[PDB]
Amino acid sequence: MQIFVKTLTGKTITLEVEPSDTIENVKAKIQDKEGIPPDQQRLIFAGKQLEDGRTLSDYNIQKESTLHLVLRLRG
(Lines of atoms letter the chains of each structure in order from A and count residues from 1; the text may use other names and numbers.)
(Lines give C-alpha, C1' and ligand atoms only; values in the text may rest on other atoms or scores of the structure.)
Protein backbone atom coordinates (compact mmCIF):
# COMPACT_ATOMS: atom_id res chain seq x y z
CA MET A 1 0.00 0.00 0.00
CA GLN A 2 1.06 3.61 -0.45
CA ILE A 3 1.71 6.04 2.49
CA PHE A 4 2.97 9.72 2.47
CA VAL A 5 5.77 11.24 4.56
CA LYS A 6 5.87 15.07 4.94
CA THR A 7 9.25 16.83 5.35
CA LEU A 8 10.29 20.25 6.74
CA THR A 9 10.07 21.88 3.32
CA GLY A 10 6.44 20.76 2.90
CA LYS A 11 7.32 18.39 0.12
CA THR A 12 5.70 14.95 0.39
CA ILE A 13 7.54 11.63 -0.28
CA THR A 14 5.51 8.50 -1.37
CA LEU A 15 6.50 5.10 0.04
CA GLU A 16 5.37 1.54 -0.80
CA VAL A 17 4.95 -0.39 2.50
CA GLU A 18 3.08 -3.31 4.17
CA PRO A 19 1.45 -3.07 7.61
CA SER A 20 3.92 -5.59 9.03
CA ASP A 21 6.90 -3.36 8.14
CA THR A 22 8.99 -2.27 11.15
CA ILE A 23 9.56 1.46 11.80
CA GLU A 24 13.34 0.79 11.10
CA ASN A 25 12.39 -0.65 7.69
CA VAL A 26 10.34 2.54 6.90
CA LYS A 27 13.32 4.68 7.84
CA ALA A 28 15.40 2.62 5.34
CA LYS A 29 12.86 3.26 2.62
CA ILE A 30 13.15 7.04 3.36
CA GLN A 31 16.97 6.75 3.13
CA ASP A 32 16.59 5.20 -0.38
CA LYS A 33 14.57 8.23 -1.57
CA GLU A 34 16.23 11.09 0.35
CA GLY A 35 19.74 9.95 1.34
CA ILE A 36 19.16 10.55 5.09
CA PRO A 37 20.57 7.92 7.45
CA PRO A 38 18.04 6.19 9.68
CA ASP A 39 19.84 7.30 12.89
CA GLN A 40 19.08 10.99 11.99
CA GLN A 41 15.31 10.36 11.49
CA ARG A 42 12.34 10.53 13.88
CA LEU A 43 8.78 9.77 12.61
CA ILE A 44 5.43 11.11 13.96
CA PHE A 45 1.80 9.90 13.41
CA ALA A 46 -1.35 11.07 15.21
CA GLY A 47 0.68 13.25 17.58
CA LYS A 48 3.06 10.51 18.81
CA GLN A 49 6.61 9.32 17.94
CA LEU A 50 6.81 5.93 16.18
CA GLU A 51 9.35 3.71 17.99
CA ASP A 52 11.94 1.38 16.57
CA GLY A 53 10.96 -2.16 17.31
CA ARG A 54 7.26 -1.71 16.51
CA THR A 55 5.37 -2.18 13.21
CA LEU A 56 3.10 0.22 11.13
CA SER A 57 0.06 -1.86 12.25
CA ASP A 58 0.94 -1.28 15.94
CA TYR A 59 -0.21 2.35 15.29
CA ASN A 60 -3.27 1.54 13.04
CA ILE A 61 -1.65 3.31 10.02
CA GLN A 62 -3.78 2.67 6.82
CA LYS A 63 -3.58 3.16 3.12
CA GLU A 64 -2.74 6.81 2.28
CA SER A 65 -2.01 7.84 5.87
CA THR A 66 0.45 10.77 6.27
CA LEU A 67 3.54 10.52 8.61
CA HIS A 68 5.85 13.46 9.50
CA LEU A 69 9.67 13.21 9.31
CA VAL A 70 11.51 15.33 11.94
CA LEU A 71 15.16 16.29 11.72
CA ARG A 72 17.48 18.15 14.08
CA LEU A 73 18.35 21.62 12.74
CA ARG A 74 21.45 23.39 14.14
CA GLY A 75 22.16 27.11 14.17
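In this text, residue numbers run from 1 along the sequence as written. We call the rigid core the largest set of C-alpha positions that still match within 1.5 Å between the two forms.
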Would you mind working out which of 6 to 14 and 49 to 57 sits farther from this form in 5 other deposited structures of this protein by RMS C-alpha distance, with the rigid core as the fit? 6 to 14
From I36, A46, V26, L43, which pick has the Cα B-factor that tops the rest in the entry? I36
Which third of the chain does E18 land in by C-alpha B-factor: lowest, middle or highest? middle
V5: CA B-factor among chain residues, third -> middle
What third of its chain's C-alpha B-factors does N60 belong to: lowest, middle or highest? lowest
